[PDB]
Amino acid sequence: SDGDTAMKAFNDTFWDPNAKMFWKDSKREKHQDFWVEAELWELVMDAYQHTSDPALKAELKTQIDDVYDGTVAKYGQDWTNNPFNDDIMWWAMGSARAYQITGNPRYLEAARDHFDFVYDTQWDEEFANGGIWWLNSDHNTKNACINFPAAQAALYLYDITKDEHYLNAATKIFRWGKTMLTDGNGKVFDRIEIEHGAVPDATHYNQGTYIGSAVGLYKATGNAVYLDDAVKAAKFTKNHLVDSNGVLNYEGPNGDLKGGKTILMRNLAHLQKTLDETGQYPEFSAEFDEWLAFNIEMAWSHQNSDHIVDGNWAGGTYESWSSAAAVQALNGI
């Protein structure tokens, strides 16, 4: 299985079993940034769900717990001292998923308590008619990178609890985000800043969380508009966040964006699964499948002898966030 080989290689290159955290790069001098560590945590979970190897599956299941332990040892269990609401929500979402896989109540408490802190205290109706603030320290911007992940976290919590509160939250957050943080035709804007307005800079990871939240909402509500929303945002990504050959951009030099294809691929897998299961949008589904396969083959044709693929899919020290995207691409669920 290429997704098994890719995950094992990733772990062999970047996992630190002593600190129970991923290294930031192959120099192994600094561990991964907090928010990105949640995204690598979800990569472990995706590999767990994808693999048919029982021995690897059990190792990855243990690793789910170890990633949490290593982070809690350094950052504590209560993340509400972190001024970034996005950081908190990435961890709440990962925790909800970890609960689904393990049944360990620590994860349900972490997901619920952190979600509630952000949604109950950081949602505001006065600026821009809604939306969650990026930071809890200063209220100056409302961003795709907290709002769409929050809708996603709410959808996972709805699936766990079946409490309407969470479905209602997801619906409200997404309606606001679609209205204020997109163009209505699948372009997702980075943020809306007070005293400025929208900043219409699109990126892979924001296309991703928009698509995942839309697919999740389609599944929870049965409203076809949400699938349409997801398709439009996928089309935009394929046509406009790519180079002249159709290969996904290398976003960069900003370190947070470099690995964003990870999040994009995670969520494109959701859309692909839903199109395949429903038989909706069959023309687009065929175009989308061909383009995905093309991208993933380009990427893997550039693997090094250790089975690591740098984030520059179109072409020394390797970085775990940049290199995660190719691994995610082979472990989609």
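All residue numbers refer to positions in the sequence shown, first residue = 1.
- Going from residue 17 to residue 18, the model skips none of the deposited residues; the chain is continuous there.
- Of the two segments examined, 293-301 and 262-270, it is 293-301 that shows the higher average Cα temperature factor in the deposited entry.
- Looking at mean Cα B-factors across 274-282 and 60-68, the upper value is held by 274-282.
- Residue-level inspection of the entry shows that, of 306, 29, 39, 33, 306 has the top Cα B-factor.
- If you compare the C-alpha temperature factors of 186, 94, 76, 149 in the entry, 76 comes out highest.
- Residue 314 sits in the highest third of its chain by CA B factor, as recorded in the PDB entry.
- When the modelled residues of the chain are ordered by C-alpha B-factor, residue 111 sits in the middle third.
- Residue 195: CA B factor in the middle third of modelled residues in this chain (values from the PDB entry).
- The PDB entry assigns residue 216 a C-alpha temperature factor belonging to the middle third of its chain's modelled residues.
- Annotation for residue 177: CA B-factor lies in the lowest third of the chain's modelled residues.
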